[PDB]
Each structure stands twice: as structure tokens, then as C-alpha cells.
Ligand SMILES: Cc1ncc(COP(=O)(O)O)c(CN[C@](C)(CO)C(=O)O)c1O
Ligand SMILES: Cc1ncc(COP(=O)(O)O)c(CN[C@](C)(CO)C(=O)O)c1O
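Protein chains in written order, with the entry's author numbering: chain A, 2 to 395; chain A', 2 to 395. A prime marks a further copy of an entry chain.
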């Protein structure tokens, strides 16, 4: 029955208003492979809104690995890893990821989102505490909500606030600090040295979500702990397969005893179907390529350095990025929507960040680099971004 | 840091004890396609522990559709549907599913698990109520936890308890009842006529999770509402792609205004990468086959009726199944583990159900049928199940 339900959703008018004004640019239907140029409405559009940082979703070798796994293993495992859904290739990928991030063991999940829900839901219990950076990914907030522990947020990369909040807690409780490694909105990196120093002083567990770090920072792309040399001081490395690794799924890597506990207690692995064979094989081959062909991470960083320098030359106001995410401040929700749609209609795809996710005065567009971008594509996008910011009067 | 973390997991000894006794049968590593016979350790094993009810993960046409989508679209969309992750084929699948279950609109999720988290997390808020059957899937419990509403459980298929609990609630609040359609443990069907009668009397929203119903009950497999003719009285039909539909992902289907609210407010669709092209195409082709080739649902039911009658003839104690899930009571955790591993070593895969998921006296094995099973395979499994129950003394 719909009376009260109709009421609950009656106040949500922003999509109706964006569509009526001709500004709506969510769920844009792409007709081609994810690539530096995509087809939308039969038109070619430059993609600067992706998370495919190394451009590997189009690699013929990765496509072939996925097609070969469909031929051997079929379209799906039809159950949880716990029961009838484990393949020899799931276990191969866990071993390969464990070796990559320098940990004893790993457990896969069918999504990155589910990879955060697992450990955050089941390690800390009644009378325990989870400490979250206030800018942590939604999956981390939600995982922590699913725990039976007390969740405390600390100020973004604020080590005094983290120290103070931990200082207030009973000695006779378990603590877990969970942080993004690279934070996707502004593209900044966690202060892992000071966070891990604090963790060690309070005997708190440390988990890092490397969604945006894998294939980007660290030796051969191995992530945020690898970037700082702090493998030893991080208990759990979480990552996802949907960004650099060009696939779908995620993992948590850690000590064999912790991972064994997780794989038998995390509801998001016990009660959800396992990764498709095609996604296991695509992740396996992508991981091989990232490690063996250093040119991908190199070209991503050459594109990042070039685009950041060109943006600052043209006088764009950038956020404090340390990554291939270039946040360009606009500071008006209305202008952010207008700029996004005008760039779309001029053949440039960027991602808006608006209220209520951020204050209006901190609204921005995110311009993300891939290794496969050319300096010419970057120049064409920045040209068009100069023209639209002028027409919009920023 | 690991001190307190080491303590939190120190008491979890059941896996260490199962492995040491040679009884462990979780995460069994399959070396072949999910099929009526699988390869484990180079040995052939009969699969009666699957959710591939129509046996479609091996259909050459579905494999080919998935391989063709990899060729055209690559290995992954590399972002949320909300931003850069929507393909023309996502929208095609939403339209096809909406038509199938007789609803205005649908939104996909990258997992079934995530398809429950979306609506349950974001429709009911502060001062609202979610009513859950006590045997609801873990994904439904967790989705409801992620809401800011008051979650109330009612006795399993207990319509007096549901009526009473709803009667106690303020008139001036929104209510949502969420139920499995087929409940996977005992294989029983929700009393949808009485639940929807109660919902209509209290103006409560109704959501049904058709994970185990799609491709099983309803006209051409269209699910639990279709089974009862109650399309009109169910607000939201949720399903998954990982069972009959031989893939990975899920959906929620409903009125256009509700679905539009969900696709812009559900954290599990806004903040998680979209389904792989290979999984969209495999789901599309599987859905076409289920509707066009009625023989699959027919043979599933012929196998279900044959196996249930053979089991009852041999005097097995079955649960109150109305589905291709045949729950066989053992009523001892120790005997349940022993029976499961002895059947595994004799070439028969079944799924155990033990404490703490159920009371020891209600421990059982689940024996699940696929359309592709033969009467000879069924006879061989039941033969072996007679022998092992004898050796175990049940
Ligand atoms: C009733 C319902 N609802 C939702 C889901 C989640 O779907 P997903 O697996 O993510 O595609 C399951 C998964 N059920 C499985 C995986 C098999 O029954 C389990 O072991 O619990 C389920 O049984
Ligand atoms: C930091 C972190 N952690 C976990 C995830 C979940 O991974 P999954 O997408 O399920 O593979 C995301 C997804 N992030 C995306 C999808 C792209 O940034 C987003 O729009 O929020 C993420 O940014």
C-alpha cells in the first residue's frame, strides 16, 4: 500500500527540477566501452569522469582472459563462496592479492562496497569502538553502522581529534580505525604515519580502504601502506577491482587468523553470491599487467602532472589533490549543474559534487585522468572548460 | 595494532576444530563450470547444493551473449550508475525486468545483497517502522539496520503477530513490511494473501524479495506476486540475477516515482560500481530463455516432485518445502557436519544448516534441484544419502 510511502518521497523534487530545466546529467547512457572517448546519443564525448585509472577495461588481453573464463566456467557460480560458489580461480586471486599487498591471506567479496561491510560489521562488537575519518566512503559509514559497536567520527585527517577521541575510551575495549587511503572527493592522502603512531599507542586496529590507491600509489601500485612503507602497522588492507583493476569485486587482506575469522563471520561474504568467473580472470590478468608493465602507472602520473599544471596555468581553483583526481572548485550548486551539462553538450564528461554531499560554497567538478588519455585530449577538455566557465561567469 | 583484535577472534574455534577432525566442507574449491556434476580435486561430484535452478550458467547462448558484451563494452564500467557507469544495456535490462514482473520501472544493483540494502536503507526514516519476517534473509536484516527507522520482527509467517505489532504503531508514521517470497532454509512460501490484506488495512508498503522465486514460481517464473495474482498489492518486487538467471546482480522494480527516488537516494547504487557488461548480457539472454522455453521451469518441477517423493519413500524427515529446496532434518550439529563431509567424499554435494544459524535439534542438509538434473543423478545421490544416514545412525 502506497499512502505513507507516497508521502515519504513527495519532498524529493531536485531530479524533477533538473530534468525540467534541461540540466539533468545523471545516469548518462554510454553506448560503447569505457575509454578516453565514449559514445552517448551516437556522439563522441571525452571521458574525464572515470575511475579506470590505467585504462585497462579495453585491454584485449584482459577481455580475452574474461572470455576464456566464461568458456571454461560459465556465467556465474550460483552461490556464496561459503557453500557452492568457490572456484580454484577465486583462491588463486586471493593468493596473488595477498602477495601484492604483502599480507598472509585475503578474502574476496563480489563488490568493493561489500568488502567494507564485511570487516566493519563483524570485528568490533558490544562495548567496542570504530573510529572513522569524517570523509570516509559511504560503504565504510554503512559497514560501521552494521556493527554492534560505538562509531565515532574524527575530523578529516585531524590527528589531534583522533588522539583525543581515543584517549576518552575505556582501556578494556577493542578499537578499530578505518580510513580511505586516497579520499576520492578532493583526491588527498591519509596521514598514515601519524594515524598508525596513534593506533600503536592505543593498541587500535588499522584498516585502510585502497579503492583509489591500488594501481596509483605504492610500489608497482600496491597502495597506501606501500606508499609510506607502513605494511607492518596496517592490520587490514581493503581494495576494489572496479577502478584500476578494470573489473568488479573487492578484497580484504590481513593475517591468516583474522581473514579466516572474516570469511566465516562476515554476512556480506556468507550470504552473497561469489564474483563471476569473467571478473576473477579479468582482475587476475589486470593485476599481472599492472605489475609487469610499469608504463601504465608512469603515463597516468605524466597525464596527472600535465593536466594539473595546465589547470593552474589557466587559473582554476584546485583542491588539495595528491592523486589523478583534480577537483575544480565552482562554489555554487546552480553553476556546478549548469557547467556539468554545458560540458556534456560540448563533448566533455566530468562529475559534479553538490549539496547536500558538500556545502554550496564547496561545490566542484571532478576531472579524473587515465593512463590512456593523450595530451591533446587533455588540451581539448581544458579549452572547453575555459569556455564554459566563462559563459557561466565563475 | 593487533592486541585487542587478537582477543576479539580468539574464541572462534569451530573452523580449527572441523579442519583438525577432517570434517571441514566450506569454501570447497570447484575446478569446472557450475553444473549437475562439478570437479573438486580432479574428482566428479554431484551438485545438489546450487541455486542455479534452471541450470543456465552452462547455456552456450548465455556464455556467447556475455563474451559478445566483453568484445563490445570491455571488462567493467569503472563507476556508479549515478555517474559514468550506466550503459544502454543496463537501461534495456531494467525495461525488460519491469515488463516481466509487471511494474513501471526498475533499478539494477551490482549484487542481490545490495538490492535489499537500497530500498530498506532509504525509504523509512526517523519515527517510521520496518516490519520483517523473523526468517528474512540476512541482506534484509542488514538493509533495515542501515535505515534510521524502528525495525520490528514478527513470527515466521505469523499473520496474527504481524497484525498485533502493526496495531501498536502510531497512525502518523510510515510502515514497510519486507518478506522473502520463497524462504531458502525450509523452502516455504510467504502467506502473501493475508500479509497484503493486513498491509492494506494499515496502509503499509509491501516489498517481496524474490531471489528464490524468480524462474521458479509465478507465470513464466515472474515470482511470488505473480504466483498469487497480487501484483497490485506489492509496492516493490526485489530479485537477484545469481540463481535462476545464472549471473550476478539484482534489481528493485516498482512505481516510476518510487524507483526514481531509490536510484538517487540508495547509497548501495550511488556509491558502488555498476554490473559488468558480461553480467548484464548474461541476465538479458537468460531472462529471454526463461520466458521463451517453458521446458526449463517444467523439468525443474518434474525433478523436484520426483526427488521429494523418492526422499519421503525412503523415510527422510523433510521440512515444509513448497519449492525445489528439499530440507532433510538430521537434528544434531555433529551428525550434520559428518553427513555433509561423508557425502562430499562419496561424490554428493549438499549444504549443511547448523548452530548457531538454527537450534541443534533443527540442523539439516539442503538438497536443491536444477532443471538439468537427471532422474539417474537423483537416484544415485539418494542411494548415497541412504548409505551415509545409516553409517551415521540418524
Ligand atoms: C533471499 C535472498 N535475498 C538476497 C540474496 C542476496 O543475493 P546475491 O547472492 O547477492 O545475488 C540471497 C543470497 N542467497 C545465497 C547466496 C544463496 O541462497 C545465500 O547463501 O544466502 C537470498 O537468498
Ligand atoms: C573509497 C571507496 N571504497 C569503496 C568503494 C566501493 O567499491 P565498488 O564501487 O563497490 O567496487 C568506492 C566506490 N567509489 C565509487 C563507485 C567511485 O569512486 C563512488 O562513486 O563512490 C570507493 O570510492
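For each residue, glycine too, the CB sits at the ideal point set by N, CA and C.
Whether residue i touches residue j by CB criterion (7 Å)
{"i": "residue 325 of chain A", "j": "residue 301 of chain A", "result": "yes"}
{"i": "residue 209 of chain A", "j": "residue 197 of chain A", "result": "no"}
{"i": "residue 119 of chain A'", "j": "residue 267 of chain A'", "result": "yes"}
{"i": "residue 249 of chain A", "j": "residue 277 of chain A'", "result": "yes"}
{"i": "residue 370 of chain A", "j": "residue 305 of chain A", "result": "yes"}
{"i": "residue 272 of chain A", "j": "residue 139 of chain A'", "result": "yes"}
{"i": "residue 254 of chain A", "j": "residue 97 of chain A", "result": "no"}
{"i": "residue 62 of chain A", "j": "residue 286 of chain A", "result": "yes"}
{"i": "residue 1 of chain A", "j": "residue 215 of chain A", "result": "Residue 1 of chain A lies beyond the range of chain A shown here (2 to 395); nothing can be said about it."}
{"i": "residue 50 of chain A", "j": "residue 350 of chain A", "result": "yes"}
{"i": "residue 393 of chain A'", "j": "residue 336 of chain A'", "result": "yes"}
{"i": "residue 26 of chain A", "j": "residue 345 of chain A", "result": "yes"}
{"i": "residue 211 of chain A'", "j": "residue 240 of chain A'", "result": "yes"}
{"i": "residue 55 of chain A", "j": "residue 245 of chain A", "result": "yes"}
{"i": "residue 163 of chain A", "j": "residue 203 of chain A", "result": "no"}
{"i": "residue 66 of chain A'", "j": "residue 283 of chain A'", "result": "yes"}
{"i": "residue 14 of chain A'", "j": "residue 124 of chain A", "result": "no"}
{"i": "residue 46 of chain A", "j": "residue 348 of chain A", "result": "yes"}
Within chain A', the residues that residue i reaches when beta carbons sit closer than 7 Å
{"i": "residue 394 of chain A", "result": "Within chain A', no residue comes near residue 394 of chain A; the closest Cβ sits about 26 Å away, beyond 7 Å."}
{"i": "residue 75 of chain A", "result": "34, 35, 58, 59 and 64"}
{"i": "residue 261 of chain A", "result": "16"}
Extent of the continuous beta strand (DSSP E) run through residue i
{"i": "residue 44 of chain A", "result": "44–48"}
{"i": "residue 353 of chain A'", "result": "352–354"}
{"i": "residue 240 of chain A'", "result": "237–241"}
{"i": "residue 390 of chain A'", "result": "Premise fails: residue 390 of chain A' lies in the alpha helix (DSSP H), 376–393, not in any beta strand (DSSP E)."}
{"i": "residue 365 of chain A'", "result": "365–369"}
{"i": "residue 132 of chain A'", "result": "130–134"}
{"i": "residue 39 of chain A", "result": "38–41"}
{"i": "residue 155 of chain A'", "result": "151–155"}
Residue i - containing alpha helix (DSSP H), residue span
{"i": "residue 293 of chain A", "result": "278–293"}
{"i": "residue 73 of chain A", "result": "61–74"}
{"i": "residue 229 of chain A", "result": "225–229"}
{"i": "residue 196 of chain A'", "result": "193–203"}
{"i": "residue 173 of chain A'", "result": "Per DSSP, residue 173 of chain A' belongs to no alpha helix (DSSP H) and is neither H nor E."}
{"i": "residue 20 of chain A'", "result": "15–22"}
{"i": "residue 307 of chain A", "result": "296–314"}
{"i": "residue 165 of chain A", "result": "160–168"}
{"i": "residue 78 of chain A'", "result": "Unbroken run through residue 78 of chain A': none, as it is neither H nor E."}
{"i": "residue 115 of chain A'", "result": "113–123"}
{"i": "residue 246 of chain A", "result": "Segment: none, residue 246 of chain A is in no alpha helix (DSSP H) and carries neither H nor E."}
{"i": "residue 8 of chain A", "result": "4–9"}
Within chain A', partners of residue i - CB distance below 9 Å
{"i": "residue 72 of chain A", "result": "64 and 68"}
{"i": "residue 82 of chain A", "result": "27 and 28"}
{"i": "residue 233 of chain A", "result": "Those within 9 Å of residue 233 of chain A in chain A' number zero; the least Cβ separation is about 10 Å."}
Within chain A, partners of residue i - CB distance below 8 Å
{"i": "residue 356 of chain A'", "result": "Residues of chain A passing the Cβ test: none, with the nearest at roughly 14 Å."}
{"i": "residue 239 of chain A'", "result": "Within chain A, no residue comes near residue 239 of chain A'; the closest Cβ sits about 14 Å away, beyond 8 Å."}
{"i": "residue 111 of chain A'", "result": "111, 112, 114 and 249"}
{"i": "residue 146 of chain A'", "result": "146 and 147"}
{"i": "residue 48 of chain A'", "result": "85"}
{"i": "residue 201 of chain A'", "result": "2"}
{"i": "residue 124 of chain A'", "result": "6, 9 and 10"}
{"i": "residue 117 of chain A'", "result": "Simply none; closest approach about 10 Å."}
Residues that residue i contacts on chain A, provided the C-beta gap is smaller than 7 Å
{"i": "residue 78 of chain A'", "result": "35"}
{"i": "residue 29 of chain A'", "result": "87"}
{"i": "residue 348 of chain A'", "result": "Residues of chain A passing the Cβ test: none, with the nearest at roughly 15 Å."}
{"i": "residue 205 of chain A'", "result": "2"}
{"i": "residue 143 of chain A'", "result": "147 and 268"}
Beta-bridge pairing of residue i - partner residues as DSSP gives them
{"i": "residue 349 of chain A", "result": "A:47"}
{"i": "residue 208 of chain A'", "result": "A':179 and A':237"}
{"i": "residue 255 of chain A'", "result": "A':106"}
{"i": "residue 141 of chain A'", "result": "Note: residue 141 of chain A' sits in no beta bridge, so no partner."}
{"i": "residue 330 of chain A'", "result": "A':365"}
{"i": "residue 190 of chain A'", "result": "A':183"}
{"i": "residue 88 of chain A", "result": "A':31"}
Under 8 Å from the C-beta of residue i: neighbouring residues of chain A'
{"i": "residue 8 of chain A", "result": "175"}
{"i": "residue 138 of chain A", "result": "272"}
{"i": "residue 94 of chain A", "result": "The premise fails here: residue 94 of chain A is roughly 12 Å from chain A' at the closest Cβ pair, so nothing lies under 8 Å."}
Neighbour list for residue i in chain A, Cβ cutoff strictly below 9 Å
{"i": "residue 315 of chain A'", "result": "Correct list: empty, because the minimum Cβ distance to chain A is about 24 Å."}
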